[PDB]
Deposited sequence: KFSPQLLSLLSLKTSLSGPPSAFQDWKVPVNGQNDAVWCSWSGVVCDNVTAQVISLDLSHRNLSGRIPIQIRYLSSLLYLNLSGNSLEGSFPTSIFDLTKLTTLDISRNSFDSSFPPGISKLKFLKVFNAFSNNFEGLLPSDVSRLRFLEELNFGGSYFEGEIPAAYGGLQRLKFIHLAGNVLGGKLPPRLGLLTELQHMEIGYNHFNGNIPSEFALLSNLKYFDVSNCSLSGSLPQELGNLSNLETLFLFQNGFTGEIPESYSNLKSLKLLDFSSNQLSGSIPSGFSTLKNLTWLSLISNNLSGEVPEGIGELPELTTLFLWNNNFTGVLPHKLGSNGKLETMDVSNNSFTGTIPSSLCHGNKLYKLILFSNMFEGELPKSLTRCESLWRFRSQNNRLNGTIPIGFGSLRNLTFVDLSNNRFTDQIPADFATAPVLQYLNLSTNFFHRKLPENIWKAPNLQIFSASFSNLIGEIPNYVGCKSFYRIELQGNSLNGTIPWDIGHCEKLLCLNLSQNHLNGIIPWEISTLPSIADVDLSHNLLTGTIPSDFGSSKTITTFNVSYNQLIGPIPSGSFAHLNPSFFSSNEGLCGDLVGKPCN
């Protein structure tokens, strides 16, 4: 004969379909052999299966009814497989079960109504499936349930108010379904609740005032729903809250001053709502705060000076509001600031000298405000700086020397400011700088001679600055693929060693005072696609070889003094406007035949 435990396990072997590796070793020889089988743990006395782990074995098919004979089972894990069909009711006959995890499968249809038979269930995880229809009210009867996860499916309807009566519930997760309606105030009755993750649904209305009774709640997330109205003031009474995510909703009004009572708060995210008024100065007392985010609201006024001395502050995001006044002059002094983005506001005054006090600042985004004054020399000693976007301000003076010394500096945009005098020569020597935009300033000076020797450096623009003199020789122009120098006062001739720029794709030298000829070496460039040399003084022919440059899609040389025939090949198929206002130029392409 054979033990029902063995037969019940073998039923599973033959009912579920996976690769041969899935159940290789579930082999019977020629007693209690099944206890050597992977995923199986037995009571050492009676030989019954008490734990069964079939997680991540690439299985599909259905659970066979015979599973009910594994009657002293405590733990069951089927997660990370391809199980399908409705949820198998025979699981409800495993009445000693404390832990049941079916997450990351494809179970579908409505959830069957028998789960209260599992009287002693502590943990239930069904995250990420295909369930639909109503959330089972039945789970209300599980008096020892501590952890409940029903997220990542397509459950619809409201949250059953009866879930409020799960007196020992610590963790609840219902995020990422199609739940709707109003959050039931009765959920505030969950005394021992510590984690509440229920966003990415369609909940409307406000957050129930009785949620302020969840004295043990450490984590709260209801982002990306349809909540609206004022933030609930009473959420100030939650003194254990570490994480508050309320972003991507439709809250309005002011931020309650009472949130200054959240003394253990670490992450605060109110991104993408419609909040207005000023950041409460009581935020200066949130000393545990690490991540402060208010992106994309209708906030205004001044940033309280005190947020510049929050000791733990790491991430500060205020972009896309309308704050006014200056940045708290001590911001950065905590030695801990890593990333800061306050773009698209109305900030005035100087950039604080202490932003990078502890070499942890790697991302500094300031663009589209009205910052003024000189660029702080301290940023040139910001050892960790990686991304610096400060375009569209009123920064004046000489750009300081020092940026060439920062090993991780890779993106710099200082365009559209009011900088003067020399461009820093050491920009040519910064080890990993890839993007550098200096367009729209007031230099009135030459390019640094060494500019094209920048090792990595792919995109360089200085269009419409006030550049003068001649373009330096293209010596080893190693990784450039986009060069923008339009709208300056560059004179002399295009350097004839331009062929060193093997990676070049777009080149804009238009609207200068360049003369002499078009350099022949442009023809030898492997990938060049865009060239614009219009509005200059160029003379000579367009080299015939250009007609076999297969990659060329744009070649605008209009408004010059070129002469001779337009080449034929690729050039046969180009816009005629590229060749206009050149009295001496000719060709079928442009309507003036040759000779």
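*Asks:* Ranges lacking C-alpha coordinates, please, mapped onto the deposited sequence and listed in sequence order.
*Replies:* Unobserved in coordinates, per deposited numbering: 31-34, one stretch.
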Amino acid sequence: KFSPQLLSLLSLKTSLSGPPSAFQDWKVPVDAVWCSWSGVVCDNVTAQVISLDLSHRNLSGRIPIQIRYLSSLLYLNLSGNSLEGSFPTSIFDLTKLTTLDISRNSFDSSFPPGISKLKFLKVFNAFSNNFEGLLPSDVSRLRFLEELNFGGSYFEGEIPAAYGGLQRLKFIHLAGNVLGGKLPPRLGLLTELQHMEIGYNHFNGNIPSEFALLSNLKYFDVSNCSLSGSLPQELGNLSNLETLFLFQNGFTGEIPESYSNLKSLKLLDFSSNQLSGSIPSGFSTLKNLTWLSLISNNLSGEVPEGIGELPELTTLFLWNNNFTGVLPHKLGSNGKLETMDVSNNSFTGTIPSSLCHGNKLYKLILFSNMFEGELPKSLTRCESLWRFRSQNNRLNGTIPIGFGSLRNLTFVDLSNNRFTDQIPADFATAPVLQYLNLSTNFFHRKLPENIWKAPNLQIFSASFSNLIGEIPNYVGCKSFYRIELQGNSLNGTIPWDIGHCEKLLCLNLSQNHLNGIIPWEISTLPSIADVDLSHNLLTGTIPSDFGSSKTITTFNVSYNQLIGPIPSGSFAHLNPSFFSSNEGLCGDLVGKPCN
From here on, numbers count along this sequence of modelled residues.
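*Asks:* In the PDB record, does 228-236 or 169-177 carry the higher mean Cα temperature factor?
*Replies:* Comparing averages over the C-alpha atoms only gives 228-236.
*Asks:* Mean Cα B factor from the PDB record: higher for 99-107, or higher for 374-382?
*Replies:* Stretch with the greater average CA B-factor: 374-382.
*Asks:* Say you rank 244, 289, 522, 294 by Cα B-factor from the PDB entry; which sits at the top?
*Replies:* Within the set 244, 289, 522, 294, 522 shows the top C-alpha B-factor.
*Asks:* Highest recorded C-alpha temperature factor, please, choosing from 537, 52, 70, 30.
*Replies:* That would be 30, according to the entry.
*Asks:* Among the modelled residues of this chain, does the Cα B factor of residue 270 put it in the lowest, middle or highest third?
*Replies:* It falls in the bottom third of the chain.
*Asks:* Split the chain's modelled residues into thirds by Cα B-factor; is residue 11 in the lowest, middle or highest one?
*Replies:* Lowest third.
*Asks:* Residue 563's Cα B-factor: lowest, middle or highest third of the chain?
*Replies:* It belongs to the middle third of the chain when residues are ordered by C-alpha B-factor.
*Asks:* For the chain shown, is the CA B-factor of residue 65 in the lowest, middle or highest third of its modelled residues?
*Replies:* Middle third - that is where residue 65 ends up once the chain's C-alpha B-factors are sorted.
*Asks:* According to the PDB entry, is the CA B factor of residue 36 in the bottom, middle or top third of its chain, that is, lowest, middle or highest?
*Replies:* It falls in the top third of the chain.
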